[PDB]
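Single-letter residue listing:
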Amino acid sequence: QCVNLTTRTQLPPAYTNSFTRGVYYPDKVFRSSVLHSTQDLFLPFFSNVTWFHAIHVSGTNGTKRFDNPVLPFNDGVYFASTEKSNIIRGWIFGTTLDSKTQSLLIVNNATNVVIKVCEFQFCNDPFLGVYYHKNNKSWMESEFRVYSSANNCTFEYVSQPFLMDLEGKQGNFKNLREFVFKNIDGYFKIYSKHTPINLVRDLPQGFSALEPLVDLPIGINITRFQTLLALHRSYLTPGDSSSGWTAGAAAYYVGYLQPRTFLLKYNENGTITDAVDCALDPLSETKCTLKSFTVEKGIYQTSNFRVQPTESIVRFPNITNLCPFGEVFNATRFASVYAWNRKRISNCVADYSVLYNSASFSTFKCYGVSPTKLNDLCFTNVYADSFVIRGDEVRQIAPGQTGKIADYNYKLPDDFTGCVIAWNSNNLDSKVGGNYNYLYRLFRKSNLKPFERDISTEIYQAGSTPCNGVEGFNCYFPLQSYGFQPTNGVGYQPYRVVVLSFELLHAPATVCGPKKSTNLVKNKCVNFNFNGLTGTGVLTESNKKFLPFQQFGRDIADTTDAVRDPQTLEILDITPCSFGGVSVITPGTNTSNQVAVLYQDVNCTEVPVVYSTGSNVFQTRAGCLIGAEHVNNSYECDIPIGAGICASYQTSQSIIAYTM
Amino acid sequence: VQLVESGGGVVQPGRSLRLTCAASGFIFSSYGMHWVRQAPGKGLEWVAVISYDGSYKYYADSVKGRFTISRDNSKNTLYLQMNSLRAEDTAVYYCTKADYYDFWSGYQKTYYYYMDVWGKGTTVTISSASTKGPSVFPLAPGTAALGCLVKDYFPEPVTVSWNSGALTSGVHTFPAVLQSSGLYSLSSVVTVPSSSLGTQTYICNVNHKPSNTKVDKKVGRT
Amino acid sequence: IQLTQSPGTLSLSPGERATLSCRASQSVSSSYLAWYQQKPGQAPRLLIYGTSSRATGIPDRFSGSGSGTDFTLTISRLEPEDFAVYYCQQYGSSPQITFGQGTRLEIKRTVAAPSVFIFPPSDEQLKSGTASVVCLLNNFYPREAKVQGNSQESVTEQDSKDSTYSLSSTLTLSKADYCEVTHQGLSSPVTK
Ligand SMILES: CCC1=C(C)C(Cc2[nH]c(Cc3[nH]c(CC4=NC(=O)C(C)=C4CC)c(C)c3CCC(=O)O)c(CCC(=O)O)c2C)=NC1=O
Ligand SMILES: *[C@@H]1O[C@H](CO)[C@@H](O)[C@H](O)[C@H]1NC(C)=O
Ligand SMILES: *[C@@H]1O[C@H](CO)[C@@H](O)[C@H](O)[C@H]1NC(C)=O
Ligand SMILES: *[C@@H]1O[C@H](CO)[C@@H](O)[C@H](O)[C@H]1NC(C)=O
Ligand SMILES: *[C@@H]1O[C@H](CO)[C@@H](O)[C@H](O)[C@H]1NC(C)=O
Ligand SMILES: *[C@@H]1O[C@H](CO)[C@@H](O)[C@H](O)[C@H]1NC(C)=O
Ligand SMILES: *[C@@H]1O[C@H](CO)[C@@H](O)[C@H](O)[C@H]1NC(C)=O
Ligand SMILES: *[C@@H]1O[C@H](CO)[C@@H](O)[C@H](O)[C@H]1NC(C)=O
Ligand SMILES: *[C@@H]1O[C@H](CO)[C@@H](O)[C@H](O)[C@H]1NC(C)=O
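Residues numbered from 1 in each chain as written, not as in the entry; some residues may be left out. Chains lettered and ligands numbered in written order. Heavy atoms only, no water. Residues with missing side-chain atoms left out of burial classes, pairs and counts.

A. Inspection of the interface of chain A and chain B at higher detail. Contacts between chain A and chain B engage 17 residues on the former and 18 residues on the latter. Three residues, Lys 544, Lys 545 and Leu 547 of chain A, lead the burial of chain A against chain B; their summed loss comes to 35% of the area buried on that side. Run the count over chain A and chain B and you get one salt bridge. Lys 545 of chain A is paired through a salt bridge with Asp 99 of chain B; the nearest N and O atoms lie 3.7 Å apart. Seen at the junction of chain A and chain B, the total is three residue pairs in polar contact. Ranked by the residues each element gives to the side of chain A that touches chain B, the list is headed by strand β33 (residues 552–554) of chain A, at three residues. (Contact = heavy atoms within 4.5 Å. Buried area = accessible area lost by both parts, 1.4 Å probe. Salt bridge = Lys/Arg side-chain N within 4 Å of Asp/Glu carboxyl O. Polar contact = N/O pair within 3.5 Å; in protein donor to acceptor, adjacent residues only side chain to side chain. Helix = DSSP H or I, 4+ residues; strand = E, 2+ residues; numbered from the N terminus.)

B. Spatial organisation of the sheet that holds strand β11 (residues 131–140) of chain C. Residue and element names in this part refer to chain C. Ordered by their spatial adjacency, four strands build an open sheet running β10-β11-β14-β13, and the pairing between neighbours is antiparallel. Two strands lie at the open edges of the sheet, namely β10 (115–119) and β13 (152–155), each paired on one side alone. Adjacent strand axes in the sheet meet at a mean angle of 15° when their direction is disregarded. Bridge count between β11 and strand β14 (residues 165–173): eight bridges; the pairing is antiparallel. What sits directly across from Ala 131, in β14, is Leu 173. (Pairing = 2+ DSSP bridges. Axes fitted to C-alpha atoms, helices over the stretch in contact; angles between N-to-C directions.)

C. Spatial organisation of the UniProt feature "domain: BetaCoV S1-CTD" in chain A. Those places that UniProt annotates as "domain: BetaCoV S1-CTD" correspond, in this numbering, to residues 321–514 of chain A. Secondary structure across residues 321–514 of chain A divides into 10% helix and 26% strand, with the first and last C-alpha atoms of the span separated by 11 Å. (UniProt positions renumbered as here; feature names shortened; annotations may be inferred.)

D. Molecular detail of the UniProt feature "domain: BetaCoV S1-NTD" in chain A. Sequence positions flagged by UniProt for "domain: BetaCoV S1-NTD" are, in local numbering, residues 1–290 of chain A. With 3% helix and 53% strand, residues 1–290 of chain A has end C-alpha atoms that lie 59 Å from one another.

E. Structural context of the interface of chain C and chain B. Between chain C and chain B, the residue contacts involve 39 residues of the former and 39 residues of the latter. Connecting chain C to chain B are zero salt bridges. Here chain C is connected to chain B by eight residue pairs in polar contact. When residues of the side of chain C that touches chain B are traced back to their parent elements, those giving at least two are β4 (33–38), β5 (45–49), β8 (85–90), β10, α1 (123–128), β11, β13 and β14 of chain C. With five residues, the single largest contributor to the side of chain C that touches chain B is β11 of chain C. Tallied by class, the residues present in the side of chain C that touches chain B amount to 16 nonpolar, 21 polar and two charged. (Nonpolar A, V, L, I, M, F, W, Y, C, P; charged D, E, K, R; others polar.)

F. Here's a closer look at the pattern of salt bridges. All names here are of chain A. Under the defined criterion, the tally for this structure stands at 31 salt bridges over all chains. Across the pair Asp 125 and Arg 8 runs a salt bridge whose closest N-O atoms are separated by 2.6 Å. With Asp 125 in strand β9 (residues 113–133) and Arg 8 in the segment before β1 (14–17), this pair connects stretches of sequence that are 117 residues apart. Overall, the relative accessible area of 6% leaves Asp 125 in the buried class. You can call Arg 8 partly exposed: its relative accessible area is 25%. (Buried < 20%, exposed > 50% of the residue type's maximum accessible area, 1.4 Å probe, protein only.)

G. Fine view of the domain arrangement of chain B. What the domain assignment lists for chain B is domain 1 (2–126) and domain 2 (135–218). The distance between the C-alpha centroids of domain 1 of chain B and domain 2 of chain B comes to 37 Å. (Domains from an automatic or database assignment.)

H. Spotlight on the layout of surface pockets. Residue and element names in this part refer to chain A. Taken as a whole, the second largest pocket holds about 700 Å³ of empty space. Lining the second largest pocket are 28 residues; nearest its centre among them are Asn 108, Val 113, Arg 177, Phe 179 and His 194. Among the residues forming the lining of the second largest pocket, the class breakdown is 13 nonpolar, eight polar and seven charged. (1 Å grid on protein atoms, 1.4 Å probe; cavity = no way out; pocket = protein on both sides within 12 Å on 5 of 7 lines; lining within 4 Å. Points joined across faces, edges and corners; volume = space filled by probe spheres on them.)

I. How the structure looks around the site of ligand 2. All names here are of chain A. Taken together, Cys 2, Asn 4 and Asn 124 make up the full set of residues near ligand 2. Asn 4 is positioned such that a nitrogen or oxygen atom in its side chain is 2.3 Å from an oxygen atom of ligand 2. Expressed as a share of its isolated accessible area of 370 Å², the protein-covered part of ligand 2 is 31%. (Near = heavy atom within 4 Å. Areas by Shrake-Rupley, 256 points an atom, 1.4 Å probe, with all protein chains shown as cover.)

J. Looking closely at the nonpolar core. Counting 79 residues, the largest nonpolar core has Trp 35, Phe 67 and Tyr 93 of chain B together with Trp 35 and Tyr 36 of chain C as its most contacted members. Excluding residues within four positions of it along the chain, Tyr 93 of chain B makes contact with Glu 5, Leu 19, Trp 35, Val 36, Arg 37, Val 47, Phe 67, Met 82, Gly 121, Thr 122 and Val 124 of chain B. Counting residues in each nonpolar core, the second largest holds 34 residues, with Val 77, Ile 115, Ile 220 and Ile 222 of chain A among its members. (Core = buried A, V, L, I, M, F, W, Y, C linked by side-chain atoms within 4.5 Å.)

K. Seen up close, the pairing of strand β31 (residues 525–530) of chain A. Residues and elements named next belong to chain A. In this sheet, β31 lies alongside strand β19 (residues 312–315) in parallel orientation, the contact comprising four bridges. By the bridge assignment for β31, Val 314 is matched with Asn 529. Examined bridge by bridge, β31 and strand β32 (residues 533–541) share six bridges and lie antiparallel to one another. Looking across to β32, one finds that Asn 529 is bridged to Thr 534. What sits between the antiparallel neighbours β31 and β32 is a turn of two residues, in which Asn 531 has the positive phi angle 60°.

L. Representation of the environment of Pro 155 of chain B within the structure. Residues and elements named next belong to chain B. Assignment of secondary structure puts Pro 155 in the loop between β12 (143–153) and β13 (159–162). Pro 155 gets classed as buried once you look at its relative accessible area, which sits at 15%. Remark: the alpha-carbon pair of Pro 155 and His 208, spanning 53 residues in sequence, is separated by 9.0 Å. Each residue touching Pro 155, except ones within four places of it in the same chain, is listed here: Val 10, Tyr 184, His 208 and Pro 210.

M. A look at unusual backbone geometry. For the bond from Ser 6 of chain C to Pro 7 of chain C, the omega torsion is -5°, close enough to zero to count as cis. Within the fold, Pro 7 of chain C resides in the loop between β1 (3–6) and β2 (10–11). In this structure, the amide linkage connecting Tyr 141 of chain C to the following residue, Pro 142 of chain C, adopts the cis form with an omega of 5°. Inspection of the secondary structure puts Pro 142 of chain C in the loop between β11 and β12 (145–147). Positive phi outside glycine occurs at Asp 202 of chain A, with the angle close to 70°. Counting through the fold element by element, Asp 202 of chain A comes out in the loop between β12 (187–199) and β13 (211–217).

Here it is in C-alpha cells:
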C-alpha cells in the first residue's frame, strides 16, 4: 500500500502573512455586546506562516510539488487551506507516527469523514489518489495509501456517508477552510471556519472567528503532524505507481499558536467580530490598556509594554498531614462558654472546602477572607476556640458587637481576620432534668479584653456591703446554669459554636493549602504565587543575605524584591520583564495611525536593551522620542509631553514636537 | 571595615534617648543589624534586630514593645529610640552586623549564622543622682601601703595617678562600685618601702573630666 | 531558649588543654551555634561558628564539637592571648536568641600569702562628717576570701605579670556609729 512518489522537483520554502486570521472562540460563555480580555494559545497577528502548495507547472521539467512533509505540533496549529478541487484530505497527528505509539487520523476519503486513534504504520509518503476516466469523464476515488497497518485501535468515528465532487476544476481558488488544532489535558480540540473566496494566492484580509467544531477525548501525546493530500492519475499521467501521477492545484498554510493576550469583541449575538493582539505593536498595547477598540488622543504611561508571561508556578511547604478539625468538631464533650477551649493547629494541610460545602452547619460566617479565596491564602497559626451557647446568643459572636456574652464571656477584636461556625445541638447536648455541665458568667464589674479566658471565683457584690468572699444577701455567684431542656423553644436550644482564628505573622508558612506544588523554573518571565504573595516577573539567583526567619524584602516603592521558597529555602530575586514605564503619545486612532513613544527616565542608549530601536531620535530632559520631529517653529501647546515639550499632528502630515 | 557608636551619656529615669550607629568600609544595604547589650559585671544580652530594608523588626521579650529600631540607608545611619526607660538598663551597647556562611545540601540551603564585626560600643548610665565633685581623702599608713579614697562622684569614669605619673610600680586602682546613696566611689593604693616614706614625698592626682576638676592631695603620716 | 555553661569558673596554667561545655534546655541543630571571646574593656570577637568551622584570621588551637544539647569548645595549647571570658551562642533557633552565662579562664599558680593592712578613718574625714574603714589585702592567690555594719568589697582584675589579685573592703560608717581575714592558704586566722 505504501508508495514513495517520485518526480518531485526542488523549490525553496515559501511564506506568507497571516494578517489577523486564526482567532477562535476560547470558551462557551454566553455573551452579548462586551469586550473580553483573555490569555490563551493564539496565532499572533501578521505572522510569517509557512506556505505549501500542490501543483504541476507547465513546461519541460516544470516545477512539480506535492507537499506532505512532517511538521512539528508544538503547542497547537493554525491551518488554512485554499482549495478548488479538494486536494487536502486530512491529517495525522502523533509523536513517532509508527506502531510504537498511538496516532490520530482525521481523513475524508470522498465517502466519509474518519477519525481514528490507533497504532498506525503510516507510509513515508502517505497520500490519497483520484483517477479520471476519459471515456465517461468520471473522477473517482481510487487510492488510499496512508498507513500499512493499524493495531490497538482505541477510538473510531465514521461520519454519515456522502459522495464528494472529485473533479479537477479550472480557475481561481474558491473555498478557504481554516482550522485551529489544540491538544489540552488529553483532549484534542478542533475549531473551524469555512469561507467563500476568489483568489490565486495569499489569504483574505477579512476577519472571521473560528467556531469550535469538536472535542475528542483521546488522551494521546502529539508533537508532530502530517497533511494528507489527494493526487490525480489519468491517461495524461503515464508511468508507474511512483511516477504516473499529477498534482491538482491547492495550497495550505501553517501558523503556530503561542501564549498571547487578546481583547475580543462579542457583538449583540455573541459573535466575535473583531480582536486585538495586545503585543503586536504599541497601538494594540494602548487598546488593551484602555479596554477599548477606540483610543483618544493623549499621553498614557500605564500602557507600558509586555512580553507576557509563559507559565505559572505554585509553591508551598510540602505537608500532607490531615488536620484534626474533624476530630475537634465531632468531639463528644466540650468546655463551657466561660472556659472556652482553645486548640492550636500547626503543621498541617487544610481541607476547608469540605467544611464550607457541608450542609449540617446552621451558621458559617467569615470576616476578612472569603471561602473561595481561603483556599489560596496561607497561614502560620490556627486557633480553634470551642464552646456551646443558646441559639439566640449565636448572633452575638461577631466583631464590633455588644451584649452580656460579648462583654463578659468571649470577646472579638475589631480587626478580626477569621471565621465562625455554629450549628444546632438540641439532641446531643440537651437532656431532661436540666444540664449543669454548661454554665455562663453573668455578673462582673468590667468588660473583657479580646481573647482573654477567665475562671475566677470572685464573688460579685450586688448590694452595698462587701461579701468578703462568703455567700450572703445581694451577694451573687458569677456563674449561672442554662438548664437546657429538649422541650423548650428553638431560642433556648443549645448550639455548638467554634471560631477559627487565622493568625498571620512574619514567619515561615505552617498550615496552608490544599493545593499541589509545581516544579520550579527560572530565567523565564512567569507568574508566581509564593506562600500567597502573587507577582509577575523573572526569577533569578541573586543574593542579599538577609536574616533567618525572614520571607520577603521590599524597596522604597513597597514592592517585593526578594523571596524565599519553602521547598528550597533559596534567596530568589524578582526582576520585572518590562523596560519600565514607557509612555505612548497619540493623536487618536480615527485621525491617524502614527504614534510617539516617550521612554521616561530612559536614555536613548538603553532603548535597544514594532520599533526595534532608534532611527531618528530626539532627546529631551523628559526622555527620548522616535516619532516626533523637531522644528524651529513655536506654537501653542496641544499635547503637553512635558519639560517644555509639546506635540501635535501638523505639517506633509506628521507628529512634531516643539518648545514655546 | 569598622563601626562607631554615639549618643551615650547621662539620662534621668523615665526619659527618652536616641542612640546612633554608623559604619564604614562595607556596603550598608546588604546586611542586617543587631543591638546587643552588656550589663556591668554580667553576660551579654540580646536587645534588638533590624533587617536590611525595614520589613522585619523583632524584639527580646524582656523589652518587648518598648524599644524602637530604625535605619536610614541613604545616610548609612542606624537609630535606636529608647522609650519607657527603666533603671535596670545602665549598661554598654554594641551595634553589629549579621552574616552567614552558605552551604548547599540535597535540595536545601543551610546557613551558618553569626556576627563578625563589633564596634567599640557606647555606655549608658541611668541614675536620678546629680553631678557631684570628687571628695579626695588621705589614707595615712618591709613595705607599707598608702592611698587616696575618692568619694561621692558621678559618672563612673575617673582618673587617679600618683607622683604626677612618675610612679607606676605597685599601683592598685580598684574599679568603682555604687553605694546605697547611688554615688560611685573607690580607693587607689600604692605600696612603697617604709624608709622611703620618710625621705620621699608622694602625691595623689585625681582627674574628673565631667566636672573638670583636678585635685592634688597629699597624704600625711599619723 | 536558654543555655548553661560548665564549669562556672576555670583556672589553668599556660600550655595545657582547655575544655568548656555548653548545654541546652531544648534541642537545637548542631550547625546553628557559635563561640565568642571577650577580654576586659574590649569589643568581643568571633571565634567559632557552626561547631565545626573556623573564622577568618584565628589560629587552629580553637576547635568545637558536640551535638544534640551538649556542646564542647576545645583549646590545645594556651598562650597569654587566650586569657579572657568565653560565651556560647545559638543564633538559628529564632527569635529571641540568648547568650551564655560567662566563664573566666584565668591563671593558676602556687599559693601565696596575702599582705594585710588596716586603715582607720582620717581625722579630717570625721571633720567632714563621714567615716570609713579600709581593710586591704594584696597579692594573694586564690582569690576566694571572707573579710569581716555593712561591707563593700572590690576585686581588681589580675595583673598579667604575677597572676595575683588585690582586694579591698570598705566599711561605711556615719559621723557617730561607736579586721577578720580567712584564706585557703592561711592555716591560722590573722586579725587586725
Ligand atoms: C480536510 C478535509 C476536508 C474535506 C475533504 C472537506 C470537504 C467538504 N466539507 C464540506 C462541509 C463540511 N465539512 C465539515 C467538516 C469536515 N469535513 C471533512 O472532511 C473534515 C476533515 C472536516 C473537519 C474536521 C463541516 C463542519 C462542513 C460544513 C461547513 C459549513 O457548511 O459551514 C463540504 C460541502 C460544503 C462545501 O462545499 O462548502 C465539502 C466538499 N472539508 C474538509 O475539511
Ligand atoms: C520509501 O523510502 C523510505 C526511505 O527512503 C524507505 O525506508 C521505505 O522502505 C520506502 N518505501 C517504499 C515502498 O519504497
Ligand atoms: C518571517 O521569517 C522570515 C525568514 O527569516 C523573515 O525574513 C521575516 O522577516 C519574518 N517575518 C516576520 C513578520 O517575522
Ligand atoms: C472510507 O472509510 C470508511 C471507513 O473506514 C469506509 O467504510 C469506506 O468504504 C471508505 N471509502 C472508500 C471509497 O473506500
Ligand atoms: C466510468 O468508467 C469506469 C471504468 O469502467 C467505472 O469504474 C466508473 O464507475 C464509471 N463511472 C460512472 C459514473 O459510471
Ligand atoms: C497492544 O499493545 C501492547 C503493547 O504492550 C501489546 O502487548 C498488545 O499485544 C497489543 N494489542 C494487540 C491486540 O496486539
Ligand atoms: C444578529 O441576530 C439578529 C436576530 O437576532 C439577526 O437579524 C442579525 O442578522 C444578526 N447579526 C447581526 C450582525 O445583527
Ligand atoms: C464527623 O462525623 C461525620 C459522621 O460520621 C463524618 O461523616 C465526618 O467526616 C466527620 N468530620 C466532619 C468534619 O464532619
Ligand atoms: C518533602 O518532604 C519530604 C519529607 O522529609 C522530604 O524528603 C523532601 O525532600 C521534601 N521535598 C522538598 C523539600 O522539596
